Amino acid sequence: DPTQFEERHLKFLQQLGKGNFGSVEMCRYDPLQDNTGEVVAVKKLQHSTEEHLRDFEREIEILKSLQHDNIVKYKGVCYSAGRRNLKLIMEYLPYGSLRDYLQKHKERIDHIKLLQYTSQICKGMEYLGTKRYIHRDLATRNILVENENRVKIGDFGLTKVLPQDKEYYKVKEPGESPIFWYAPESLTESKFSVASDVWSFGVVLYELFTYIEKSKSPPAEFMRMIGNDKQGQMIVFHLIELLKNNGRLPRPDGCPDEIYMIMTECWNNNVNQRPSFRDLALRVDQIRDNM
Ligand SMILES: O=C1C=C(NC(=O)c2c(Cl)cccc2Cl)CC=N1
(Lines give C-alpha, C1' and ligand atoms only; values in the text may rest on other atoms or scores of the structure.)
Protein backbone atom coordinates (compact mmCIF):
# COMPACT_ATOMS: atom_id res chain seq x y z
CA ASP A 1 0.00 0.00 0.00
CA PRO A 2 1.82 3.12 -1.34
CA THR A 3 -0.55 5.58 0.39
CA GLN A 4 1.47 4.38 3.38
CA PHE A 5 4.74 6.34 3.58
CA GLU A 6 7.20 5.44 6.36
CA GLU A 7 8.40 8.70 7.96
CA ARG A 8 12.03 7.52 8.20
CA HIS A 9 12.31 7.26 4.40
CA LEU A 10 11.12 10.80 3.83
CA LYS A 11 14.25 12.87 3.19
CA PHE A 12 13.99 16.64 3.73
CA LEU A 13 15.02 18.61 0.65
CA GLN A 14 13.58 22.14 0.85
CA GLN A 15 11.15 24.20 2.92
CA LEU A 16 8.41 25.17 0.40
CA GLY A 17 6.57 27.62 2.68
CA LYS A 18 3.92 28.16 5.37
CA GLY A 19 0.13 28.22 5.20
CA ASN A 20 -2.46 28.63 7.95
CA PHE A 21 -1.86 25.95 10.60
CA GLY A 22 0.93 24.15 8.74
CA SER A 23 4.21 24.14 6.83
CA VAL A 24 4.98 22.38 3.52
CA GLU A 25 8.27 20.67 2.63
CA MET A 26 9.79 19.19 -0.49
CA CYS A 27 10.94 15.68 0.40
CA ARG A 28 12.24 12.64 -1.40
CA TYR A 29 10.50 9.44 -0.42
CA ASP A 30 13.60 7.33 -0.61
CA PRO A 31 13.14 3.87 0.92
CA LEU A 32 16.06 2.46 -1.14
CA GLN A 33 18.37 5.00 0.56
CA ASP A 34 20.03 5.72 -2.81
CA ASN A 35 18.46 9.12 -3.66
CA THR A 36 16.39 7.63 -6.55
CA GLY A 37 12.99 7.95 -4.84
CA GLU A 38 9.99 10.13 -5.73
CA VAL A 39 10.09 13.77 -4.74
CA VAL A 40 6.83 14.66 -2.96
CA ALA A 41 5.30 17.61 -1.08
CA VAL A 42 4.71 17.05 2.64
CA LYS A 43 2.33 19.16 4.77
CA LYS A 44 2.63 19.02 8.55
CA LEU A 45 1.32 20.99 11.53
CA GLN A 46 3.54 23.60 13.16
CA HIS A 47 1.56 23.17 16.41
CA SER A 48 0.09 19.68 16.63
CA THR A 49 -2.60 20.51 19.24
CA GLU A 50 -5.91 18.63 19.75
CA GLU A 51 -8.03 21.17 17.84
CA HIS A 52 -5.58 21.47 14.93
CA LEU A 53 -5.07 17.72 14.45
CA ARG A 54 -8.86 17.34 14.10
CA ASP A 55 -9.06 20.12 11.51
CA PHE A 56 -6.00 18.69 9.77
CA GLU A 57 -7.53 15.22 9.68
CA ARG A 58 -10.62 16.79 8.13
CA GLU A 59 -8.46 18.66 5.60
CA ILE A 60 -6.77 15.38 4.63
CA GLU A 61 -10.17 13.66 4.17
CA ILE A 62 -11.34 16.60 2.04
CA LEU A 63 -8.31 16.48 -0.33
CA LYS A 64 -8.39 12.70 -0.54
CA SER A 65 -12.06 12.94 -1.65
CA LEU A 66 -11.17 15.34 -4.50
CA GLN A 67 -10.06 13.99 -7.87
CA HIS A 68 -9.87 16.66 -10.58
CA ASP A 69 -7.24 17.98 -13.04
CA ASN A 70 -7.20 21.37 -11.35
CA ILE A 71 -6.89 20.13 -7.77
CA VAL A 72 -3.54 19.04 -6.26
CA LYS A 73 -3.26 15.24 -5.97
CA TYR A 74 -3.46 13.50 -2.62
CA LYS A 75 -0.82 10.73 -2.33
CA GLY A 76 -1.00 9.46 1.23
CA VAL A 77 -0.30 10.14 4.88
CA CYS A 78 2.33 9.60 7.56
CA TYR A 79 1.37 8.44 11.03
CA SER A 80 3.74 8.95 13.97
CA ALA A 81 3.78 6.58 16.96
CA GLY A 82 1.97 7.33 20.25
CA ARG A 83 0.78 10.90 19.78
CA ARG A 84 -0.98 10.50 16.47
CA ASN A 85 0.87 13.18 14.50
CA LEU A 86 -0.01 13.48 10.83
CA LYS A 87 1.76 14.43 7.68
CA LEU A 88 -0.10 14.88 4.44
CA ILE A 89 1.70 13.65 1.30
CA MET A 90 0.85 15.33 -2.02
CA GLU A 91 2.30 15.64 -5.51
CA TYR A 92 5.19 18.11 -5.81
CA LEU A 93 4.44 20.84 -8.37
CA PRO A 94 7.90 22.20 -9.28
CA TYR A 95 6.78 25.56 -10.73
CA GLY A 96 5.49 26.61 -7.26
CA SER A 97 2.57 28.90 -6.48
CA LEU A 98 0.69 30.92 -9.07
CA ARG A 99 1.48 34.03 -6.98
CA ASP A 100 5.26 33.57 -7.17
CA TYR A 101 5.09 32.36 -10.77
CA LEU A 102 3.20 35.50 -11.86
CA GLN A 103 5.33 37.82 -9.67
CA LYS A 104 8.43 36.30 -11.37
CA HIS A 105 7.41 36.30 -15.06
CA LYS A 106 4.98 39.26 -14.91
CA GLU A 107 3.68 40.41 -18.32
CA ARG A 108 5.57 37.63 -20.17
CA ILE A 109 2.48 35.61 -19.25
CA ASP A 110 -0.06 36.92 -21.75
CA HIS A 111 -3.85 37.27 -21.36
CA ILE A 112 -4.28 33.99 -23.28
CA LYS A 113 -2.42 32.17 -20.50
CA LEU A 114 -4.07 34.16 -17.69
CA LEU A 115 -7.50 33.13 -18.95
CA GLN A 116 -6.43 29.48 -19.30
CA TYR A 117 -5.47 29.64 -15.63
CA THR A 118 -8.71 31.50 -14.81
CA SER A 119 -10.80 28.82 -16.58
CA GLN A 120 -8.88 26.08 -14.78
CA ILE A 121 -9.34 27.75 -11.35
CA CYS A 122 -13.10 28.08 -12.09
CA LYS A 123 -13.32 24.41 -13.10
CA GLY A 124 -11.60 23.20 -9.92
CA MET A 125 -13.88 25.43 -7.82
CA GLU A 126 -17.03 24.18 -9.61
CA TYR A 127 -16.05 20.56 -8.88
CA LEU A 128 -15.38 21.52 -5.24
CA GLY A 129 -18.90 22.99 -5.07
CA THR A 130 -20.49 19.73 -6.26
CA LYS A 131 -19.00 18.18 -3.10
CA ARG A 132 -20.52 21.00 -1.04
CA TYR A 133 -17.10 22.14 0.10
CA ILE A 134 -16.36 25.83 0.73
CA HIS A 135 -12.74 26.82 0.22
CA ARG A 136 -12.82 30.15 2.15
CA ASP A 137 -9.24 30.92 1.10
CA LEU A 138 -9.19 31.29 -2.68
CA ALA A 139 -6.07 33.36 -3.57
CA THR A 140 -3.09 33.08 -5.95
CA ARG A 141 -0.85 31.92 -3.09
CA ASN A 142 -3.11 28.82 -2.65
CA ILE A 143 -2.96 27.86 -6.34
CA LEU A 144 -0.05 25.94 -7.83
CA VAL A 145 1.51 25.78 -11.28
CA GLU A 146 2.09 22.28 -12.63
CA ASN A 147 3.41 23.61 -15.95
CA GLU A 148 2.95 26.56 -18.36
CA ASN A 149 -0.50 25.16 -19.29
CA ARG A 150 -1.95 23.90 -15.99
CA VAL A 151 -2.71 25.22 -12.52
CA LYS A 152 -4.32 23.47 -9.55
CA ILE A 153 -5.90 24.63 -6.32
CA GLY A 154 -3.18 23.59 -3.89
CA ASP A 155 -4.20 24.15 -0.25
CA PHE A 156 -7.47 23.37 1.54
CA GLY A 157 -6.54 24.37 5.11
CA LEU A 158 -9.63 26.55 5.65
CA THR A 159 -12.06 24.40 3.61
CA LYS A 160 -15.40 23.64 5.29
CA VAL A 161 -18.19 21.21 4.49
CA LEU A 162 -21.67 22.68 4.19
CA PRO A 163 -24.22 21.29 6.67
CA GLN A 164 -26.88 19.05 5.09
CA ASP A 165 -29.65 21.61 5.60
CA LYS A 166 -27.83 24.93 5.02
CA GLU A 167 -26.22 26.60 1.97
CA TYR A 168 -23.70 28.51 4.16
CA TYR A 169 -21.24 27.59 6.88
CA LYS A 170 -20.96 29.95 9.83
CA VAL A 171 -17.51 30.15 11.52
CA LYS A 172 -18.16 30.85 15.22
CA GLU A 173 -14.63 31.63 16.38
CA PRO A 174 -12.55 32.87 13.43
CA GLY A 175 -8.78 32.34 13.41
CA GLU A 176 -6.50 34.15 10.94
CA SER A 177 -8.76 35.45 8.15
CA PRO A 178 -7.80 36.72 4.68
CA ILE A 179 -10.23 39.68 5.08
CA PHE A 180 -9.15 41.43 1.83
CA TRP A 181 -10.54 38.42 -0.09
CA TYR A 182 -13.69 38.20 2.01
CA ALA A 183 -17.25 38.77 0.87
CA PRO A 184 -19.18 41.40 2.96
CA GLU A 185 -21.31 38.71 4.66
CA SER A 186 -18.13 36.80 5.63
CA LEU A 187 -16.82 40.02 7.24
CA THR A 188 -20.11 40.85 8.97
CA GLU A 189 -21.56 37.46 9.92
CA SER A 190 -18.73 34.95 9.31
CA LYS A 191 -20.98 33.26 6.70
CA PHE A 192 -19.22 31.24 4.02
CA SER A 193 -20.90 29.81 0.95
CA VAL A 194 -20.31 28.96 -2.71
CA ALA A 195 -21.24 32.61 -3.33
CA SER A 196 -18.52 34.01 -1.00
CA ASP A 197 -15.99 31.72 -2.75
CA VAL A 198 -17.10 33.37 -6.03
CA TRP A 199 -16.44 36.77 -4.43
CA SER A 200 -12.93 35.60 -3.62
CA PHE A 201 -12.53 34.26 -7.17
CA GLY A 202 -13.07 37.84 -8.43
CA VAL A 203 -10.19 38.93 -6.20
CA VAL A 204 -7.99 36.11 -7.62
CA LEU A 205 -8.84 37.44 -11.10
CA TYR A 206 -7.79 40.94 -9.99
CA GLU A 207 -4.53 39.43 -8.66
CA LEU A 208 -3.87 37.75 -11.99
CA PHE A 209 -4.42 40.89 -14.04
CA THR A 210 -2.31 43.05 -11.72
CA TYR A 211 0.51 40.53 -12.14
CA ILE A 212 1.00 40.59 -8.34
CA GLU A 213 2.31 44.21 -8.32
CA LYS A 214 2.91 44.86 -4.59
CA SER A 215 1.45 48.42 -4.65
CA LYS A 216 -1.69 47.01 -6.32
CA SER A 217 -2.36 44.08 -4.01
CA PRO A 218 -5.83 43.78 -2.49
CA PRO A 219 -4.36 44.65 0.97
CA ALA A 220 -2.44 47.71 -0.32
CA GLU A 221 -5.45 48.92 -2.36
CA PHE A 222 -8.10 48.34 0.32
CA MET A 223 -5.84 49.96 2.99
CA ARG A 224 -5.46 53.01 0.76
CA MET A 225 -9.23 53.25 0.37
CA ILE A 226 -10.05 52.98 4.06
CA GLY A 227 -6.91 54.99 4.98
CA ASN A 228 -3.49 53.61 5.99
CA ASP A 229 -4.05 54.95 9.50
CA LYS A 230 -6.65 52.21 10.22
CA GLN A 231 -5.40 49.39 12.44
CA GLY A 232 -6.52 46.05 13.88
CA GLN A 233 -10.28 45.57 14.19
CA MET A 234 -10.92 49.07 12.78
CA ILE A 235 -9.66 47.79 9.41
CA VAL A 236 -12.55 45.28 9.35
CA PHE A 237 -15.06 47.97 10.46
CA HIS A 238 -13.98 50.40 7.71
CA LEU A 239 -13.70 47.70 5.04
CA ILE A 240 -17.30 46.55 5.74
CA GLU A 241 -18.44 50.17 5.42
CA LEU A 242 -16.33 50.66 2.29
CA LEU A 243 -17.82 47.53 0.60
CA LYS A 244 -21.42 48.45 1.66
CA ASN A 245 -20.99 51.73 -0.22
CA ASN A 246 -19.62 50.02 -3.33
CA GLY A 247 -15.94 50.73 -2.74
CA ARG A 248 -14.15 48.19 -4.92
CA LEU A 249 -10.69 47.30 -6.16
CA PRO A 250 -9.95 49.39 -9.27
CA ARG A 251 -9.73 48.02 -12.80
CA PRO A 252 -6.13 46.77 -13.30
CA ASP A 253 -4.16 48.66 -15.96
CA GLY A 254 -4.52 46.93 -19.34
CA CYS A 255 -7.32 44.66 -18.17
CA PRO A 256 -9.74 43.74 -20.99
CA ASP A 257 -13.24 45.12 -20.33
CA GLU A 258 -15.05 41.76 -20.36
CA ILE A 259 -12.55 40.42 -17.78
CA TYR A 260 -13.10 43.46 -15.59
CA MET A 261 -16.91 43.00 -15.88
CA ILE A 262 -16.51 39.45 -14.49
CA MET A 263 -14.62 40.75 -11.37
CA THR A 264 -17.27 43.34 -10.59
CA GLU A 265 -20.08 40.79 -11.00
CA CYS A 266 -18.33 38.49 -8.50
CA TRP A 267 -18.11 41.47 -6.11
CA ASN A 268 -21.85 41.92 -5.80
CA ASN A 269 -23.18 42.83 -2.34
CA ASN A 270 -26.23 40.78 -3.27
CA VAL A 271 -25.17 37.18 -2.64
CA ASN A 272 -27.73 35.61 -4.98
CA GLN A 273 -26.72 37.82 -7.90
CA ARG A 274 -23.12 36.59 -8.04
CA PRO A 275 -22.42 34.33 -11.02
CA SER A 276 -21.98 30.59 -10.59
CA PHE A 277 -18.65 28.88 -11.19
CA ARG A 278 -20.32 26.83 -13.93
CA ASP A 279 -21.29 30.02 -15.76
CA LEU A 280 -17.91 31.62 -15.11
CA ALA A 281 -16.01 28.71 -16.71
CA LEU A 282 -18.37 28.90 -19.71
CA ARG A 283 -17.98 32.68 -20.02
CA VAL A 284 -14.20 32.58 -19.59
CA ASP A 285 -13.86 29.81 -22.17
CA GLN A 286 -15.99 31.96 -24.54
CA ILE A 287 -13.62 34.93 -24.14
CA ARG A 288 -10.54 32.71 -24.78
CA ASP A 289 -12.33 31.32 -27.85
CA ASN A 290 -12.89 34.84 -29.25
CA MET A 291 -9.19 35.73 -28.71
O1 LIG B 1 4.26 21.39 -4.46
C2 LIG B 1 3.30 21.47 -3.67
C3 LIG B 1 3.11 22.63 -2.93
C4 LIG B 1 2.04 22.70 -2.03
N5 LIG B 1 1.72 23.84 -1.26
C6 LIG B 1 2.28 25.06 -1.30
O7 LIG B 1 3.25 25.31 -2.02
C8 LIG B 1 1.65 26.11 -0.40
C9 LIG B 1 2.30 26.65 0.70
CL10 LIG B 1 3.94 26.11 1.01
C11 LIG B 1 1.73 27.61 1.53
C12 LIG B 1 0.44 28.05 1.27
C13 LIG B 1 -0.25 27.51 0.18
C14 LIG B 1 0.36 26.55 -0.64
CL15 LIG B 1 -0.53 25.90 -2.03
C16 LIG B 1 1.19 21.59 -1.94
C17 LIG B 1 1.43 20.44 -2.71
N18 LIG B 1 2.46 20.41 -3.56
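When a ligand or atom number is given, it counts from 1 through the structure's own listing order. The residues of the chain are indexed from 1 along the displayed sequence.
- When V24, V40, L144 are checked for heavy-atom proximity to atom 7 (O) of ligand 1, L144 turns out nearest.
- When the shell of 6.0 Å around OH of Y95 is examined, it contains 12 or fewer heavy atoms from other residues, nucleotides or ligands.
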Item to complete: Begin with the C-alpha distance, continue with both residues' side-chain angles, and end with the deciding distance and a verdict on ring pair (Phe, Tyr, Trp, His ring centres under 6.0 Å) for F277 and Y127.
Response: CA-CA 9 Å; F277 282 114; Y127 171 79; over 10 Å; no
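- Here the closest heavy-atom approach between residue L208 and residue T140 is recorded as CD2-CG2, 4.0 Å.
- Residue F222 comes nearest to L242 through the heavy atom pair CD2-CD2, 3.7 Å, listed as atom of the first residue, atom of the second, then distance.
- Close approach of ligand 1 to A41 (heavy-atom distance below 4.0 Å) involves ligand atoms 1 (O), 2 (C), 17 (C), 18 (N).
- For an aromatic pair to be called close, the ring centres must be under 6.0 Å apart, and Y133 with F156 fails this.
- Listed by atom number, the atoms of ligand 1 under 4.0 Å from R141 heavy atoms are 13 (C), 14 (C), 15 (Cl).
- The atoms of ligand 1 that sit less than 4.0 Å from any heavy atom of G17 are 10 (Cl).
- For ligand 1, the polar-atom distance check finds an N/O of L93 within less than 3.5 Å of one of the ligand's N/O atoms.
- By the criterion of a heavy-atom distance under 4.0 Å, the backbone of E91, and not its side chain, is placed next to ligand 1.
- Residue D155 places no N or O, backbone or side chain, under 3.5 Å from any N or O of ligand 1.
- The part of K18 lying near ligand 1 is the backbone, judged by heavy-atom distances below 4.0 Å.
- With a 4.5 Å cut-off on side-chain heavy atoms, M125 and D197 count as touching.
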